[PDB]
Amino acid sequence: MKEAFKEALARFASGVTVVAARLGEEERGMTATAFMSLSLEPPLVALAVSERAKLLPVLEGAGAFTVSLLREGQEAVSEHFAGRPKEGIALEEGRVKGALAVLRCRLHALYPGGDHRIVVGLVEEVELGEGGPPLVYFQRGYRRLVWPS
């Protein structure tokens, strides 16, 4: 169903993130390409989280979450938090270690989004990893940017 719509979306390239939240010792991570900057003042970002995602209840309960921007070569991390378990993949400090960047957010708002919820985060902390090319998703596959030396 909705073949044309899906094809159009497959034509929007984007980085890949892992959104995570924790309540006590209960921690959940979820791969998401539906991420975008939203505001500078205040510093906000928005994401789309499935209404059926295990992450949602924990994120709402915690009132805070992190967003890790994956770098080139982190396909395993993306796959793991996408529901397809991989060996040796785990969150550290509530985020993905070695990511291009991590945004630690306070939950700012939740708005209706069809079969997804629009999650708005107020950025309170930023962690920057080493520079380099990103993990990209486009046309149903992981892609690399032209980034020569």
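Quick note: we count residues from 1 along the sequence shown, nothing fancier.
Enquirer: Can you tell me which stretch has the higher mean Cα B-factor, 66-74 or 81-89?
Expert: Between 81-89 and 66-74, it is 81-89.
Enquirer: Once you work out the mean C-alpha B-factor for both 54-62 and 32-40 from the entry, which is higher?
Expert: So the stretch with the higher mean C-alpha B-factor is 54-62.
Enquirer: Would you mind finding, among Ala13, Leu23, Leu135, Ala20, the residue with the largest C-alpha temperature factor in the entry?
Expert: That would be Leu23.
Enquirer: Divide the modelled residues of the chain into thirds by Cα B-factor and specify which third, lowest, middle or highest, holds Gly121.
Expert: For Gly121, whose C-alpha B-factor we compare with every modelled residue in the chain, the answer is the lowest third.
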